[PDB]
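To be precise, the following lines are run00.cif, and they hold mmCIF, C-alpha atoms.
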```cif
data_input
loop_
_atom_site.label_atom_id
_atom_site.label_comp_id
_atom_site.auth_asym_id
_atom_site.auth_seq_id
_atom_site.Cartn_x
_atom_site.Cartn_y
_atom_site.Cartn_z
CA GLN H 414 -5.33 -0.32 -1.34
CA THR H 415 -3.39 -3.52 -2.08
CA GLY H 416 -5.02 -6.88 -2.74
CA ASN H 417 -6.43 -9.31 -5.27
CA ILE H 418 -9.46 -7.13 -6.02
CA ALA H 419 -7.69 -3.79 -5.45
CA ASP H 420 -5.27 -4.64 -8.31
CA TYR H 421 -7.06 -6.69 -10.99
CA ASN H 422 -10.80 -6.36 -10.24
CA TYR H 423 -11.75 -2.96 -8.77
CA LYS H 424 -9.56 0.09 -8.11
CA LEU H 425 -10.33 3.35 -6.34
CA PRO H 426 -8.42 6.56 -7.21
CA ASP H 427 -6.79 8.79 -4.62
CA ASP H 428 -9.30 11.60 -5.32
CA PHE H 429 -12.34 9.34 -4.92
CA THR H 430 -15.31 10.87 -3.09
CA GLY H 431 -18.24 8.90 -1.72
CA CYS H 432 -19.24 6.12 0.65
CA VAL H 433 -18.85 2.34 0.76
CA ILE H 434 -21.65 0.29 2.34
CA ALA H 435 -21.27 -3.32 3.51
CA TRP H 436 -23.83 -5.80 4.85
CA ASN H 437 -23.85 -9.49 5.75
CA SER H 438 -25.59 -11.57 3.07
CA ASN H 439 -24.85 -14.96 4.65
CA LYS H 440 -28.53 -15.53 5.47
CA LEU H 441 -29.67 -14.84 1.89
CA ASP H 442 -26.89 -15.16 -0.70
CA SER H 443 -25.31 -18.33 0.73
CA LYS H 444 -26.07 -21.90 -0.33
CA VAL H 445 -25.73 -25.20 1.51
CA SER H 446 -23.84 -26.70 -1.46
CA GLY H 447 -22.02 -23.43 -2.19
CA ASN H 448 -22.94 -20.39 -4.29
CA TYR H 449 -20.97 -20.49 -7.55
CA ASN H 450 -23.00 -17.75 -9.27
CA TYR H 451 -20.56 -15.07 -8.06
CA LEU H 452 -17.05 -15.29 -9.51
CA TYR H 453 -13.82 -13.32 -9.23
CA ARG H 454 -10.76 -12.81 -11.42
CA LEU H 455 -7.19 -13.61 -10.36
CA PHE H 456 -5.14 -13.39 -13.58
CA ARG H 457 -4.64 -10.41 -15.89
CA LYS H 458 -1.95 -9.13 -18.23
CA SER H 459 -1.73 -5.76 -16.46
CA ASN H 460 -3.35 -3.77 -13.67
CA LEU H 461 -7.01 -2.89 -14.23
CA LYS H 462 -7.87 0.80 -14.39
CA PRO H 463 -10.32 2.17 -11.79
CA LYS Q 964 23.27 20.87 2.29
CA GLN Q 965 19.49 21.46 2.39
CA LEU Q 966 19.13 18.83 -0.35
CA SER Q 967 20.54 16.24 2.08
CA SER Q 968 17.75 16.85 4.61
CA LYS Q 969 15.16 14.12 5.10
CA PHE Q 970 12.69 16.49 6.85
CA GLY Q 971 11.41 13.60 8.97
CA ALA Q 972 10.99 11.24 6.01
CA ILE Q 973 12.89 8.01 5.25
CA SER Q 974 14.98 9.29 2.31
CA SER Q 975 16.31 12.55 0.88
CA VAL Q 976 15.54 11.63 -2.76
CA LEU Q 977 11.98 12.09 -4.01
CA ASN Q 978 12.52 9.46 -6.71
CA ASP Q 979 13.34 6.97 -3.95
CA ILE Q 980 10.15 7.95 -2.11
CA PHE Q 981 8.08 7.60 -5.30
CA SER Q 982 9.55 4.19 -6.15
CA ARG Q 983 9.71 2.99 -2.52
CA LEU Q 984 6.50 3.97 -0.71
CA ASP Q 985 2.76 3.61 -1.30
CA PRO Q 986 1.31 6.52 -3.37
CA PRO Q 987 -1.74 7.31 -1.14
CA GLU Q 988 0.69 8.39 1.60
CA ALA Q 989 3.64 9.06 -0.71
CA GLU Q 990 1.67 12.10 -1.90
CA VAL Q 991 1.63 13.35 1.71
CA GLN Q 992 5.35 12.56 2.10
CA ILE Q 993 6.21 14.44 -1.11
CA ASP Q 994 4.02 17.34 0.05
CA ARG Q 995 5.95 17.42 3.35
CA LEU Q 996 9.27 17.43 1.48
CA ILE Q 997 7.96 20.16 -0.85
CA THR Q 998 6.89 22.42 2.00
CA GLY Q 999 10.12 21.81 3.92
CA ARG Q 1000 12.27 22.77 0.95
CA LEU Q 1001 9.89 25.69 0.30
CA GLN Q 1002 10.46 26.90 3.87
CA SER Q 1003 14.22 26.56 3.35
CA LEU Q 1004 14.00 28.55 0.10
CA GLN Q 1005 11.88 31.21 1.83
CA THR Q 1006 14.50 31.49 4.59
CA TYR Q 1007 17.22 31.88 1.95
CA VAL Q 1008 15.15 34.50 0.11
CA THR Q 1009 14.58 36.55 3.28
CA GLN Q 1010 18.28 36.34 4.16
CA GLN Q 1011 19.19 37.45 0.63
CA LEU Q 1012 16.73 40.35 0.87
CA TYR L 365 5.76 -11.70 -4.85
CA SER L 366 2.70 -12.25 -7.07
CA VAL L 367 1.76 -15.17 -4.79
CA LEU L 368 1.84 -12.66 -1.91
CA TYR L 369 0.90 -9.32 -3.53
CA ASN L 370 -1.04 -10.08 -6.72
CA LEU L 371 -2.58 -13.27 -5.30
CA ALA L 372 -3.69 -13.80 -1.69
CA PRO L 373 -4.11 -17.49 -0.83
CA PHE L 374 -3.17 -16.45 2.72
CA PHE L 375 -5.56 -14.81 5.17
CA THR L 376 -3.77 -11.50 5.84
CA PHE L 377 -0.80 -9.76 4.22
CA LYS L 378 0.40 -6.41 5.55
CA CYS L 379 3.53 -4.34 4.87
CA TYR L 380 4.48 -1.55 7.29
CA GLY L 381 7.92 -0.21 6.37
CA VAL L 382 7.79 -1.01 2.64
CA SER L 383 5.23 -0.42 -0.10
CA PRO L 384 3.26 -3.63 -0.81
CA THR L 385 2.47 -2.47 -4.36
CA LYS L 386 6.11 -2.43 -5.52
CA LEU L 387 7.34 -5.56 -3.72
CA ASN L 388 8.47 -7.01 -7.05
CA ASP L 389 9.99 -3.61 -7.93
CA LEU L 390 12.08 -3.12 -4.79
CA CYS L 391 15.42 -4.90 -4.95
CA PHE L 392 17.20 -5.97 -1.75
CA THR L 393 20.25 -7.92 -0.63
CA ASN L 394 18.84 -10.63 1.65
CA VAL L 395 15.73 -11.44 3.68
CA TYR L 396 15.49 -13.05 7.13
CA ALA L 397 12.22 -15.00 7.18
CA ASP L 398 10.93 -15.70 10.70
CA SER L 399 8.32 -18.47 10.66
CA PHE L 400 6.19 -19.13 13.74
CA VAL L 401 2.63 -19.94 14.81
CA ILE L 402 0.60 -17.47 16.89
CA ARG L 403 -3.00 -17.84 18.06
CA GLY L 404 -5.60 -15.44 16.68
CA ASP L 405 -5.75 -13.42 19.89
CA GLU L 406 -2.09 -12.32 19.67
CA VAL L 407 -1.53 -11.92 15.91
CA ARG L 408 -2.19 -8.17 16.23
CA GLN L 409 1.05 -7.84 18.23
CA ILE L 410 3.19 -8.32 15.08
CA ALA L 411 3.67 -4.60 14.39
CA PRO L 412 6.27 -1.97 15.39
CA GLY L 413 5.66 -0.14 18.65
#
```
Once you've parsed the file, please lay out its structure as structure tokens.
Amino acid sequence: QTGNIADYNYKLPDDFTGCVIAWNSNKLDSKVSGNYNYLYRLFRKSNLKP
Amino acid sequence: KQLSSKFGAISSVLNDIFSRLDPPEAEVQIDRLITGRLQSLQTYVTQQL
Amino acid sequence: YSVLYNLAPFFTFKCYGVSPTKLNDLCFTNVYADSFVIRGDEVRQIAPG
């Protein structure tokens, strides 16, 4: 794919086999003042390997 | 002249396809070019035979 | 294009006729940027065919 995470955070190879599961965690993992426990990266010297 | 054929792709140069188009479908495009030129070579081989 | 490809401060970025991975690698003559505002119901219409 092509994105912020698909380049510098998490990559998937073309021969990847498996499943991806998604669920809404807005009722549990969210906070009224904001949840800052989860963070993401935006800057790197080169592309991150899968 | 068979090297000038696009075979339904966007370019006749595989380097241009590799440096121009996204790899997850560029592999399919290169496979299509490979099998088209393979069919052309098979036709030439049968004609030569 | 790192503000468009490497970084995504915008909601949705999509490339149809060109590879989004090599946007900094492709080299072109000029670009005609069309800027306009479309409601969320009709933003899917910005695609060929």
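With distances restricted to only C-alpha atoms, H:425 is the closest residue to chain Q from H:418, H:435, H:425, H:452.
Picture a line from atom CA of residue 996 of chain Q to atom CA of residue 424 of chain H; it runs 27.3 Å.
Candidate residues Q:1004, Q:980, Q:970, Q:993 were compared for distance to chain L, and the nearest is Q:980, using all atoms listed in the file.
For the file at hand, the PyMOL selection byres ((chain Q and resi 976-978) around 10) resolves to residues 966, 967, 968, 969, 972, 973, 974, 975, 979, 980, 981, 982, 983, 989, 992, 993, 996 and 997 of chain Q.
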At a cut-off of 12 Å, list the chain L residues touching chain Q, using all atoms listed in the file, as a PyMOL selection string. chain L and resi 379-392
Step by step, work through what the PyMOL selection byres ((chain H) within 8 of (chain L)) selects in the shown file, and finish by giving those residues as a ChimeraX atom specification. /H:415-417,420,455
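The interface of chain H with chain Q at 10 Å, considering only C-alpha atoms, consists of residues 414, 415, 426, 427 and 428 of chain H.
One finds atom CA of residue 413 of chain L at 29.7 Å from atom CA of residue 1000 of chain Q.
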Quick check, in Å to one decimal: how far apart do atom CA of residue 375 of chain L and atom CA of residue 459 of chain H lie? 23.8 Å
